[PDB]
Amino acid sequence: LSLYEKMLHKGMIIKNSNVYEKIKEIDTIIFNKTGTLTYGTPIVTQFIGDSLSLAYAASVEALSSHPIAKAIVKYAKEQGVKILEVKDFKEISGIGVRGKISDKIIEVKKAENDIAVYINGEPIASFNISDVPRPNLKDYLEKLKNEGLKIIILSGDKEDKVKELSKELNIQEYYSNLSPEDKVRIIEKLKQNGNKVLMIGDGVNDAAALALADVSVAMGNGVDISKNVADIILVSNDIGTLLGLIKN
């Protein structure tokens, strides 16, 4: 039907209307990592420590709703340990959680294996938690060879998580440990350098960068601040779908 309907049926909401004109001009495609190149769901990739520590950690995390707490709880159930009764539980907002089991103070909190487990102030185990990447690569390579598109990846994630993923999809140019303010500035430079930037984002740390892109795409599973500022919503959460469109 109408162009809007065609796109919607392609899995794309076009909030803008001028965006088509804008797309022919784009020469730089920037991906925010989290929830764009990956699902937005943290998993335990590794636990270091024993099963008693695992049980303690999950028992305490069972009382939090944070995605990380959930991922630990889920990992432990899969190992087959059961949830223990916790007393004097406390979330902290910044660090993590705390609680008392069998006369032992248990804390599960961040660190830098970012997540540590402390039994009576002594770090006893840790979790390495990370994301699940979306299936694909060729799609992106079709971009590289499509037009002469430069592809950049950005995230507030650590240089280890980002380097690994960029190695994976074969992107040379990426930047890690970035705050929104950093991202705004990188895009700023690019636009000042005369580049036309299309950016795909998803979630809190992407909104301000997206608002500043020449054309902006938010993911379907993306947060509201991101979507109310995006030119396009990939309600399909299917990047490939968006790719094709870039193949004008």
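Counting begins at 1, following the sequence as shown.
Q: Unmodelled stretch from the deposited sequence between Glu112 and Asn113, which bin: none, 1 to 3, 4 to 9, 10 or more?
A: 1 to 3 residues lack coordinates between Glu112 and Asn113.
Q: Averaging the C-alpha B factors as listed in the entry, name the stretch that ends up higher: 90-98 or 139-147.
A: Mean C-alpha B-factor is greater for 139-147.
Q: Read off the CA B-factors in the entry, average them over 66-74 and over 53-61, and name the higher stretch.
A: Higher mean C-alpha B-factor in the PDB entry: 66-74.
Q: According to the Cα B-factor stored in this entry, which of the following is highest: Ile124, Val81, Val162, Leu84?
A: Each of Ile124, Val81, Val162, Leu84 was compared by C-alpha B-factor; the highest is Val162.
Q: Could you place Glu107 in the lowest, middle or highest third of its chain by Cα temperature factor, using the values in the record?
A: Lowest third, going by the recorded CA B-factors of the chain.
Q: Which third of the chain does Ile171 land in by C-alpha B-factor: lowest, middle or highest?
A: Its C-alpha B-factor belongs to the highest third of this chain's values.
Q: If you rank the chain by CA B-factor, which third does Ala218 end up in: lowest, middle or highest?
A: Its C-alpha B-factor belongs to the lowest third of this chain's values.
Q: Relative to the other modelled residues of the same chain, rank the CA B-factor of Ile26 and answer lowest, middle or highest third.
A: Answer is highest: the recorded C-alpha B-factor places it there.
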